[PDB]
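J.: Quick one: the structure is below, questions incoming.
Cβ atoms come from the backbone with ideal geometry, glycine included; neighbour counts cover every protein chain shown. Read-outs: derived from the displayed coordinates by stated rules, not from any lab.
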Amino acid sequence: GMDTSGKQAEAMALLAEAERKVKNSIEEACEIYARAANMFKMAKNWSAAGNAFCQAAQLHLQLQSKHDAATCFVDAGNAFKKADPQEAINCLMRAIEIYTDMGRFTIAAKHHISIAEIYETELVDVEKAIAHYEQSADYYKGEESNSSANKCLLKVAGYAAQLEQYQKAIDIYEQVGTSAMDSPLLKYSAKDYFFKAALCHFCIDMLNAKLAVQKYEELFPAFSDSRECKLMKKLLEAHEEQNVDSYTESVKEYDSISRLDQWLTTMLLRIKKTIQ
Amino acid sequence: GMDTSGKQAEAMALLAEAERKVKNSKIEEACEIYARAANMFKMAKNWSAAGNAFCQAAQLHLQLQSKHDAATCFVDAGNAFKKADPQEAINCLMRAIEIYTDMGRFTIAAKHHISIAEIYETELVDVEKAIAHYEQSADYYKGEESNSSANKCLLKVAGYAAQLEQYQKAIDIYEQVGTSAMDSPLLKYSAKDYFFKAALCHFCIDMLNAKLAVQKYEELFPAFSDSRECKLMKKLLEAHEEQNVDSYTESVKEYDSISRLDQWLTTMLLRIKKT
Amino acid sequence: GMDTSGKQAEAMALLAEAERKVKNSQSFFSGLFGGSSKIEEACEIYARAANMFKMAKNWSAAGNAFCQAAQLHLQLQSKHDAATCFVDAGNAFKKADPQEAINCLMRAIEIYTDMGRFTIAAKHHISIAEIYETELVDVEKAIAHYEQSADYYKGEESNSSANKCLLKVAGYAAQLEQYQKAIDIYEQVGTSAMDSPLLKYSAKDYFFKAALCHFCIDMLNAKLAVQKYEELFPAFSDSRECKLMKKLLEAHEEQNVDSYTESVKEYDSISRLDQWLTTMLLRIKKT
Amino acid sequence: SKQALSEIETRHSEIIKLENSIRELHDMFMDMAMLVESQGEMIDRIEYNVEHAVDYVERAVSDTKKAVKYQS
Amino acid sequence: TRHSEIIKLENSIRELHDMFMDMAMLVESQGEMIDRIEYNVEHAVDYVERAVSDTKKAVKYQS
Amino acid sequence: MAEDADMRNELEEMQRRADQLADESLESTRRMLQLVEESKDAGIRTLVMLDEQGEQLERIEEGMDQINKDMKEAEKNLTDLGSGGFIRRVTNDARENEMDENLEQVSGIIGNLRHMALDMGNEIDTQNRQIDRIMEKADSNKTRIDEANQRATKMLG
């Protein structure tokens, strides 16, 4: 349609006009660049829009302006988000650097979350995701926004238990569960966290798991009434005799009454495989 | 009533005096006084004449050096004609949307697009026309990452297309939205419904491939097995395997007992069963 | 990692440069009357150093820098920015040593209340009370601060916040074994909440607490109490609290301790009891 | 006889479905609470910013009144 | 009586389900909205402060 | 006698089955009751929090209106400067009674939850409208301030 050709031609015309204006050597050039970038974004020419935005940001930063520079850097990064994953990371890191310099730590927190999401969905890399999530959690906890820090720490612990040694998962789960135990609204969930922690202990060796479940039962009396504690006692008792059938039967029954998150399935499978 | 006549007379007098003032720098006062006259006419509640005067004031403001006031005046005039000749309201709102996108505020443009699509569908009968605006608004929202609005618009357009008998677009949209919602931790409880709907649409093509489709959904989403919808779908298909009309009627009555079926589902159910 | 040493060294160098700048500012003003440009720029160095330190996890240095900036910029008669810097310094100190923040927040509160901006003073008072509560057990000061904040909030007509503050005050006061204030506050809050559309569902709970807090005084004034509530809020009779209270009264009327224990055990079995209710129930059982 | 107690088994057949139905609702309530709390805290931050803005605007108005009236 | 009572119970449950789905979606949209407004107001306050500061410095330079 | 012995021992196995099934049903009812009880407190807390949030939103809207009016006045002045049962009684016995009572209580609590949920749902819509309006007010104010500063800079030269 007319949109593609007309918008592209006018965008090239405006880019040339701005380049000529700077050739005389200024804000007018930045406004022309911004309008050209907007019409490019309209044209569905996703790529090369971030290029114009970055050019405008550099020119604007030339004159000591820092707020609009950061805004346009972030805009260019999100524009590049879909066309080219790699460059968006660099642009968002630039914006994060400026914001952290000025101390708007909440903004830096969100941009890090976004970067770690892109490292987790499109590209494939876990360590970078863990690092960025940890940085965001530290910023938020420094600003004492507890819920966001809890979310980030839970995700980091999940990934670490997914691939890394289990110590990090144990520590994060214990801390979060203990903190959530006392609160009025959130107490009902506490069990879950404790449960997970104990399973992570099982992967190393049984005695650790038995001692840990004893300690948790002492610390949180309600745990003794949970169906999870009963399942864990039964599973440990079965595993102590090298009898796989009891293992399978108990796991199948517990699955029958409630579905599995597919995390428990992976961990239970691992534990069963090492029963020998 | 004595209220309508009085308000109409007052608004007419104010507008006439405003005309005389402007006819007598002067542009700004003319614009403001015309705005006041338009407001008094709106309180007079002669919607057509008030909208006409208000759009004329908008054009005069265009004659004055400002854009935001122009766009605001255009949108208010469009809302005024909302209950009048649709074509003029559509024209004014389209101009306002163009101005708003020119400034890069895509979100308000999408909102206005949704509004004009709504008026285009309720008032007139042209359904295919509204699809274009709905898709454009969905595109803008998806570009700005407001996933909820994009999902709403896509759902509406998919429903209309499914009505229009272009089932392929409906199946694509429903499957995409369902899988995306399933991925997200929240809204997961809703996902089942979408899949069910898709099956019905896919059924209209043929019965045999419906089995494969439902099995594919079963393996892609195990929880779908435990939902009542899957049981109803498989029972209906199995009954249809033999040409007995009683079975599916009884099954649909049983399912209906719990919750009343909506008009869309009832229409497609009648269409499937009758043939 | 590198962050620790690098940030420490660069921040120390920047702070030393700022100190030299302030030392030279006096000479510059005396010899030329440069004004406050030097002083303002020095304030900028102090603020940037404080932020960098806060990044570096060295909270104490950040607090010191913020206090220095606040003191200087107050010396430049700009009370508002001084209050802001004092607030940040208090937040910074809150993590390492818990007592400088008290006085910093006190100074900020005085500055703010000087202009009549009461809401900010109320928020700071709530924060100070929380600081007192979390570490220390100096309940008296917490009660005083909560009462002051509730007074301000009531004076600003912002309801549904004063209610929470007064509920906290009563909940703490009932702990010190002085029950009149708790009963007054609880009954007032309950009767006020009874008429709200949304809040109605919660109202019942308050009455129950009062009754329990009213039991320790003497059994005879508990029975009558229940009656006075039930006629006023008939729906009260439907909830479980009335049944449990009636059963407890019946059991206690004949020194039958075992039945009382069994009833409490069952009620706890259906729903886990809070610490506050547990302590009060034990205290009542003491008789 | 066998038929009657096979029927008793049929009886214990719906209770589990009902228990699943309720377990869904409970979890959904619990999930909702957290969102409500988060929106709350964010609202308080916004409110604080607004108070600062209004205070500065009023102060600037007073300063402008001083400048204009005294210079005039 | 069995059918009446049990179907009544199930109808109630399904109704609660539907209500909660709807308003949870609503809350999510609200959250996005509030996210936007916060940053908008922050930028507004920052820029007004900066510009009025330019005003003070310039006017005091001329006077 | 062997035939009778084995058939009767199968009958005892089936008696064990009966016992197990009845006990499982009882336990399931108890757990249902506990869960239904647990939901209510979360509902109530959500309601109170929503109330508080609504009040805060009203405060901020008032603040924004005051901001707009005062800034407009300041700009203008500056310019001027220039039900019977629930379970079939196959065999009676106490175990069915507690089942019936638990189901009754569950029904009542769900009845309450209905109204609770609807009442809570009502508020969110008005909150949505209010938030939408406050955005527009803030945006208009910002645009005003930017254009005002630009004009203040252009008139000088």
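J.: Among all helices in chain C defined by DSSP H, which have a length of 30 Å or more along the axis from Cα atoms plus a Kyte-Doolittle mean of at least -1.0?
T.: TM-like helix candidates: C:2-32.
J.: Specify the inter-centroid distance of segment C:1-53 and segment C:267-283, based on alpha-carbon positions, in whole Å.
T.: One Cα centre to the other: 58 Å.
J.: Mind sorting D:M42, F:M1 by how few other Cβ atoms lie within 10 Å of their own Cβ, fewest first?
T.: F:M1, D:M42
J.: Could you work out [θ]222 nm for chain B from helices alone, using -39500 (n - 2.57) per DSSP H run of at least four and dividing by all its residues? Round to the nearest 500 deg cm²/dmol.
T.: Calculated mean residue ellipticity at 222 nm is -27500 deg cm²/dmol.
J.: Measuring from label point to label point, each 7 Å out along Cα→Cβ, what is the A:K252 to A:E134 span in nm?
T.: 4.3 nm
J.: To continue, here is another question. Could you tell me the calculated FRET efficiency between D:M28 and C:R240, based on Cβ-Cβ distance and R0 = 22 angstrom, to the nearest 0.05?
T.: For D:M28 and C:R240, the calculated efficiency is 0.35.
J.: Between C:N24 and C:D205, with labels modelled 7 Å along Cα→Cβ, what's the label distance in nm to one decimal, could you check?
T.: Computed distance between label sites C:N24 and C:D205 equals 6.3 nm.
J.: What is the ratio of the Cα radius of gyration of segment A:126-193 to 2.2 N^0.38 Å, with N the residue count, to two decimals?
T.: Rg over 2.2 N^0.38 Å, computed on Cα atoms: 1.10.
J.: If you average the C-alpha positions of segment B:75-89 and of segment C:106-127 separately, how far apart do those two centres end up, in angstrom?
T.: Cα centres, segment B:75-89 to segment C:106-127: 51 Å.
J.: For segment A:175-276, what is Rg from Cα atoms divided by 2.2 N^0.38 Å, rounded to two decimals?
T.: 1.08
J.: Which ordering of C:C43, A:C72 is given by a fewest-first count of other beta-carbon atoms within 10 Å?
T.: Ranking C:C43, A:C72 by Cβ neighbours within 10 Å, fewest first, gives C:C43, A:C72.
J.: Same structure, new question: Quick check for me: using +1 on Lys/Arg Cβ and -1 on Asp/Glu Cβ, what's the dipole size of segment C:165-287 about its Cα centre, in debye to the nearest 20?
T.: For this selection, approximately 280 debye.
J.: Ignoring everything except DSSP H segments at least 4 long, calculate the 222 nm mean residue ellipticity for chain E; use -39,500 (n - 2.57) per segment, divide by total residues, nearest 500.
T.: -36500 deg cm²/dmol
J.: When N counts the residues of segment D:2-71, how does its alpha-carbon radius of gyration compare numerically with 2.2 N^0.38 Å, as a ratio?
T.: 2.85
J.: Placing +1 at every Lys and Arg Cβ and -1 at every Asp and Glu Cβ, with all other atoms neutral, what dipole size does chain B have around its Cα centre, in debye to the nearest 20?
T.: 540 debye
J.: Among B:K45/B:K152; A:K196/B:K188; A:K151/C:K168, which pairs are too far apart, with a Cα-Cα distance over 31 Å?
T.: Over 31 Å Cα-Cα: B:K45/B:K152.
J.: In percent, how large is the relative contact order of segment C:2-215, given Cα pairs closer than 8 Å and 6 or more residues apart?
T.: 9 percent
J.: Now for a separate question. Quick check: Cα centre of segment A:142-174 to Cα centre of chain D, how many Å?
T.: Here the answer is 24 Å between Cα centres.
J.: About its Cα centre, how strong a charge dipole does the protein assembly as shown have in debye, to the nearest 20, once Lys and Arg get +1 and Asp and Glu get -1 at the Cβ?
T.: Once rounded to the nearest 20, the dipole reads 3160 debye.
J.: In segment D:11-72, which GluC sites (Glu not before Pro) fall in coil by DSSP and have 14 or fewer other Cβ atoms within 10 Å?
T.: Taking segment D:11-72 and a limit of 14 other Cβ atoms within 10 Å, the loop GluC sites (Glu not before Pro) found are D:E14.
J.: So what's the angle, to the nearest 10 degrees on a 0 to 90 scale, between helix E:2-62 and the longest Cα principal axis of chain E?
T.: So the inclination is approximately 0 degrees.
J.: Give me a single rounded figure for D:55-64: the average over its residues of other chain Cβ atoms within 10 Å of their Cβ.
T.: 5
J.: A follow-up question, please. Each label point is 7 Å from the Cα along the Cα-to-Cβ direction; what then is the distance between the points at A:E122 and E:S4, in nm?
T.: Rounded to a tenth, the inter-label distance reads 6.2 nm.
J.: Another question about this same structure. How shielded is A:126-134 by partner chains, expressed as the average number of their Cβ atoms within 10 Å of its Cβ atoms?
T.: 0
J.: Continuing with the same structure: Can you work out the base-10 log of I(q)/I(0) for segment B:2-205 at q = 0.09, 0.15, 0.19 1/Å, using the Debye formula on its C-alpha atoms alone?
T.: These q points yield log10 I(q)/I(0) values of -0.49, -0.94, -1.23.
J.: Taking other Cβ within 10 Å of each residue's Cβ, how do C:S196, B:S257 sort, fewest first?
T.: B:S257, C:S196
J.: Once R0 is set to 30 Å, what does the formula 1/(1 + (r/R0)^6) return for the Cβ-Cβ distance between B:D183 and A:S47, expressed as a FRET efficiency to the nearest 0.05?
T.: Efficiency, rounded to the nearest 0.05: 0.70.
J.: Computed over the Cα atoms of the protein assembly as shown, what is the ratio Rg over Rh, Rh following Kirkwood?
T.: For the protein assembly as shown, the value is 0.98.
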